[PDB]
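What follows is a short report on a single structure.
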Ligand SMILES: [Zn+2]
């Protein structure tokens, strides 16, 4: 039989759209008029008639029952995040807020005065007066790794991501402190921050794996640690849990899921300290990146991540661009779509699976050429839908000329045009080139009618509902990832 440790096990995709007032927790549907639209072209399209547009908050994704760390690493780098076991992203074209995937590391990090102050006070809180610093440290990372292990009052401990009452009670206090009373029940805390879709080896590990990880301050250059998957890092002050960091270990680095701290410890600045400690952790274990999740330029609860610097995923081009290079042109909630200035004006969405962009050469934001009210994407996708109907895909054309909800619901229907999803024109190419038949003998279905797995053998002969579900999965994660998928229908 089959090796489930190389499988991505997922539900069928969902496209969930609703009024941003109240579904969006970043803007609650309240946008200044200069930030309401994804591009100048769309603001012009509604110039002076902005009321009729009712901002939507929109996500697309799937639940997973199993994903290994390498596959989760690929999803992160496709623009997804996990919320518990649900893998999701926003519809960057229609969403109220423009969410960008961001990663950084110690090479990008500019140690500002604000950040150095947070470390000096952290050191002063945990360090004995007998501690003797070196006259110089190469890096702030080497300074941290000298004094932190020597504190007799402060201990950070990595451990499996398991519920405890103590962790939950701290969570309740913090969520109340930040006024995030999302019912915060025990079950919800467990699902959000303890239960994960990773393998049992990745969740539970071994005693030696945790021991090696917890010795991270002592790693020397070129040394590596075996840990992948989820972890809790517990911060103790004289035995008292004062903070909890929920972290995913990936081959390419560390992803920060959530961070909580005891509100009575406001003057330890634990929010800044923990991100710096994690940036140091990434460096010490010799991995390239620290992932803070989603960056929203106009939302204070998320734009703090810019202080750690780094680069932003261009989902359309599947490449990162340094935030410093584009910060100026996304500070009004714009969708950015890169295009080298030398390249001709494109008459289509950018091709994913096929002259890749180079952000060191000059480039411009081509969002209105492709996805604007007069862009090519919509017509290109309408023609593509008709071509795909001939293969049995149950897509329908999006004939409303505007992408926004105007003021005078099938959760399995994805819009024809979503940035970062495989363009329907490219899906047509997969069918026409025969590439779709590589799904045969590779993609697997879990059939809940029969409570049984089966390997797809002749994909094009499957029922239209099944071919449609699989094709939407391909839109989301690409053909090669879908080939190792088990999809629950
Ligand atoms: Zn919003």
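Residue numbers (the entry's author numbering): 0 to 353, 356 to 409, 423 to 503.
All C-beta atoms, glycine included, are put in the ideal place defined by N, C-alpha and C.
* Asked: Around the Cβ of residue 196, are there at least 16 other Cβ atoms within 10 angstroms (buried) or fewer (exposed)?
  -> buried
* Buried or exposed: where does residue 0 fall if 16 or more other Cβ atoms within 10 Å of its Cβ makes it buried? -> exposed
* Does the beta-carbon of residue 437 have 16 or more other beta-carbons within 10 angstroms, so that it is buried, or is it exposed? -> buried
* To do: Please indicate yes or no: does the CB of residue 173 lie closer than 7 Å to some heavy atom of ligand 1?
  => no
* Asked: ligand 1: which residues have Cβ under 6 Å from any of its heavy atoms, chain order?
  -> 19, 23, 25, 26, 56, 95 and 96
* Expected contact under 8 Å - CB spacing of residue 37 and residue 431 to nearest Å -> That belief does not hold up - the Cβ atoms of residue 37 and residue 431 are roughly 12 Å apart, past 8 Å.
* Same chain, Cβ closer than 7 Å to residue 78, neighbours up to 5 away in sequence not counted -> 88, 100, 312, 314 and 434
* Asked: Helix, strand or coil: which one does DSSP assign to residue 89?
  -> strand
* 3-residue-minimum beta strand (DSSP E) runs that sit fully inside the segment 67–111, ordered along the chain -> 80–82, 85–89 and 99–103
* To do: For residue 216, count neighbouring C-beta atoms within 10 Å of its own C-beta (all shown protein chains included) and say buried if the count is 16 or more, exposed if not.
  => buried
* To do: Look at the alpha carbon of residue 411 and the alpha carbon of residue 240, and state the distance between them as a whole number of angstroms.
  => What the structure lacks is residue 411: the chain is numbered 409, then 423, with the residues between left out.
* Close Cβ partners of residue 447 (< 7 Å) along its chain, the five nearest in sequence each way excluded -> none
* Asked: Relative to the alpha-carbon of residue 104, which residue among 392, 228 and 252 has its alpha-carbon at the smallest distance?
  -> 252
* Tell me, which residues are paired with residue 58 by DSSP? -> 15 and 89
* Asked: Using 8 Å as the Cβ pair cut-off and three pairs as the minimum, do the segment 8–28 and the segment 48–63 touch?
  -> yes
* Only counting runs of 4 or more residues, tell me where the alpha helix (DSSP H) segments fall wholly within the segment 373–407, in order along the chain. => 378–390
* Cβ-based neighbour list, residue 157, same chain, cut-off 7 Å, excluding 5 preceding and 5 following -> 209, 212, 213, 230 and 232
* **residue 292: first and last residue of the uninterrupted beta strand (DSSP E) it sits in** => 288–294
* Validate contact between the segment 301–308 and the segment 126–144 using beta carbons, cut 8 Å, 3 pairs -> no
* Asked: For residue 72, which residues from the same chain have a beta carbon less than 6 Å from its beta carbon, with the 5 sequence-adjacent residues on both sides left out?
  -> 249, 250 and 251
* When the Cα of residue 412 is compared with those of 147, 295 and 481, which residue comes out closest? -> Examination of the chain shows a numbering gap from 409 to 423; residue 412 is inside it and therefore has no coordinates.
* Asked: Whose C-alpha, out of 45, 52 and 84, is nearest the C-alpha of residue 61?
  -> 84
* Asked: With distances taken from CA atoms, which of 466, 198 and 114 is nearest residue 65?
  -> 198
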